[PDB]
Each structure stands twice: as C-alpha cells, then as structure tokens.
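**Student:** just the structure for this:
(one chain, ligands or ions: 2)
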Amino acid sequence: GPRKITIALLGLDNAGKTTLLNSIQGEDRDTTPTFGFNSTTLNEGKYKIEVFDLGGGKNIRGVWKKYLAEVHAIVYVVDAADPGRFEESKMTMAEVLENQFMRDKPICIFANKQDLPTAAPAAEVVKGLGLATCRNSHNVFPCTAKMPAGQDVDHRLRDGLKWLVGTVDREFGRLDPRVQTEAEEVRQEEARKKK
Ligand SMILES: Nc1nc2c(ncn2[C@@H]2O[C@H](COP(=O)(O)OP(=O)(O)NP(=O)(O)O)[C@@H](O)[C@H]2O)c(=O)[nH]1
Ligand SMILES: [Mg+2]
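**Tutor:** Residues are numbered from 1 along each chain as shown. Ligands and ions are numbered 1, 2, ... in the order given. Right below this line is the structure:
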C-alpha cells in the first residue's frame with residue numbers, strides 16, 4: 001500500500017481554505033464558514049494525502065493545536081486581497097510555528113484571491129506574514145481557489161501541493177516516525193477525559 005501524508009489546511013476565517021480544498025479535489029461548489037472540519041484524501045505522486053480543513057474563526061482556532069502532532073505539513077492560506085488582516089494572520093501563524101510539534105515541518109502558503117484587484121503579490125505576503133524569520137521550510141504561491149464559471153481550476157494549487165509533498169518526501173524517513181510517535185503520544189494522553 002501507499003505511503004500516507006497528513007496535512008492541516010489552516011489560515012484565518014475567510015481566507016478560502018474550504019474553497020481551496022474543493023478546487024484541489026476537482027469540484028465549483030458553495031461553502032459556508034466551517035464550524036468544525038472537512039476531511040478528504042488526495043493522490044499526489046507516490047502519496048495518499050489526508051487533508052484536514054479546519055475552521056479559522058476566532059472561536060474555532062484553538063482546535064488547530066490538537067492536530068499539529070499528527071500532521072506532516074501545513075497548507076496555510078491567506079486572503080491576499082485583505083491586507084487589513086495580515087497582522088492577525090501573522091500572529092496566528094506564529095502561534096502554530098511556536099508549537100512544539102511544528103518544528104521542521106514544511107508550510108505551503110497560498111496567497112489566495114489573486115482575481116481580486118487588491119491582491120498582494122508573493123513578496124508582500126512574505127513581509128506581511130513576517131516569514132523573513134520563520135525557520136520552517138516554506139514557499140508562497142499566489143492562487144485563485146475560486147476561478148470563474150467554466151474555467152479550469154488554477155494549476156497553482158497543485159503546484160503548491162507538489163512542492164509540499166516533495167519537501168515531505170525528501171525528509172519522509174525522519175519525519176514520518178516522528179509524526180507517528182508524536183501523534184500516538186498525544187492520542188494516548190487524550191484517553192484521560194474519563195477521569
Ligand atoms: N474572489 C475570490 N473569492 C474567493 C476565493 N476563494 C474563496 N473565496 C470566497 O471567500 C469566502 C470564504 O471562502 P471559504 O473557503 O469558505 O473560507 P474559509 O477559509 O474555509 N473560512 P472558514 O475558515 O470560516 O471555514 C467565500 O465567499 C468564498 O467564495 C478566490 O480565490 N477569489
Ligand atoms: Mg471553511
């Protein structure tokens with residue numbers, strides 16, 4: 001059987017995670033704010049990829065840390081057309097990166113909503129997310145998770161996925177055992193909730 005990567009799709013509410021997940025799986029669909037999560041599976045090269053699309057609202061965000069132990073990598077989505085929110089997206093990513101289970105895991109950052117006239121380029125989003133100081137491998141890809149009526153999805157989305165998967169693939173020998181071990185350790189400690 002094939003190797004399995006697990007990925008968390010994170011970013012602030014309204015960034016476009018759920019739409020991006022849909023579009024990456026080939027399906028235009030309607031979306032409402034995620035007050036929980038969506039979960040699906042993708043094929044990319046030699047890997048089966050489990051993707052967890054978590055809600056980004058301020059009252060859902062605390063859930064993210066419950067996944068970081070079982071994840072090999074992150075897709076972080078930013079609404080590139082809303083610089084008003086760059087600073088909270090920066091603080092939100094910082095929190096994820098500070099987390100103990102994030103060390104050495106790669107981040108694919110999608111600068112989403114490039115169809116909007118105010119969309120910031122990759123450079124701007126690097127500044128805005130304060131990535132100059134980030135020491136998790138990362139790359140920023142502009143994209144449009146919501147292409148118009150009738151258009152093909154944006155190839156930039158798979159490009160970003162392929163960079164992520166290739167980065168995980170390159171370290172898989174060290175990363176996967178750590179994920180498996182770290183994940184079970186956390187899964188073990190949540191058996192507690194009876195007491
Ligand atoms: N113009 C434009 N709008 C987009 C794009 N991507 C998503 N949207 C829109 O942005 C809004 C939020 O998208 P959605 O994927 O639900 O956001 P989300 O990150 O899952 N929000 P939450 O974290 O609360 O579930 C929706 O109206 C959606 O159609 C895009 O590339 N361009
Ligand atoms: Mg959503």
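
**Student:** how about the longest helix that the chain contains: buried residues?
**Tutor:** Assignment by DSSP state H gives helix 156-189 as the longest helix of the chain. Neighbour counts over helix 156-189 (16 or more other C-beta atoms under 10 Å) mark 156-158, 160-161, 163-165, 167-169, 171-172, 175-176, 178-179, 182-183, 186 as buried. Just so you know, the C-beta spots here come from the backbone N, C-alpha and C atoms, and that holds for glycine as well.

**Student:** tell me the SS of residue 110?
**Tutor:** Three-state call for residue 110 (DSSP: H, G, I helix; E, B strand; the rest coil): strand.

**Student:** wait, it touches residue 158, no?
**Tutor:** No: with contact defined as C-beta atoms under 8 Å, residue 110 does not reach residue 158; the gap is 11.6 Å.

**Student:** could I get the full set of helices for the chain?
**Tutor:** Along the chain, counting by DSSP H, helices occupy 17-24, 86-98, 122-128, 156-189.

**Student:** would JSON lines of the ones you listed with distance to ligand 1 be doable?
**Tutor:** Below are these laid out as JSON lines (distance: least, C-beta to the nearest ligand atom, whole Å):
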{"stretch": "helix 17-24", "distance to ligand 1": "3"}
{"stretch": "helix 86-98", "distance to ligand 1": "11"}
{"stretch": "helix 122-128", "distance to ligand 1": "14"}
{"stretch": "helix 156-189", "distance to ligand 1": "10"}
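
**Student:** can you redo those as CSV with distance to residue 143?
**Tutor:** What follows is those, written out as CSV (distance: least, C-beta to C-beta, whole Å):
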stretch, distance to residue 143
helix 17-24, 7
helix 86-98, 16
helix 122-128, 10
helix 156-189, 4
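
**Student:** how about the residues of the protein that lie near ligand 2?
**Tutor:** Taking C-beta under 5 Å from the ion as the measure of proximity, the chain contacts ligand 2 at 18, 34.

**Student:** please name the residues that touch residue 186.
**Tutor:** Going by C-beta atoms under 8 Å, 6 or more residues apart in numbering, residue 186 touches 66, 69-70, 101.

**Student:** wait, what's in contact with the residue nearest the centre of the chain?
**Tutor:** Residue closest to the mean C-alpha point of the chain, counted by C-alpha atoms, centre = their mean, is residue 75 at 2.0 Å. Residues in contact with residue 75 (C-beta under 8 Å, 6+ apart) are 7-10, 17, 20, 51, 107-110, 160-161, 164.

**Student:** ligand 2: which of those residues is nearest?
**Tutor:** If you rank the contacts of residue 75 by distance to ligand 2 using C-beta to the ion, residue 17 comes first, at 5.0 Å.

**Student:** how about that closest one, what does it touch?
**Tutor:** By C-beta under 8 Å, 6+ apart, the contact set of residue 17 is 9-11, 34, 53-54, 56, 75, 77.
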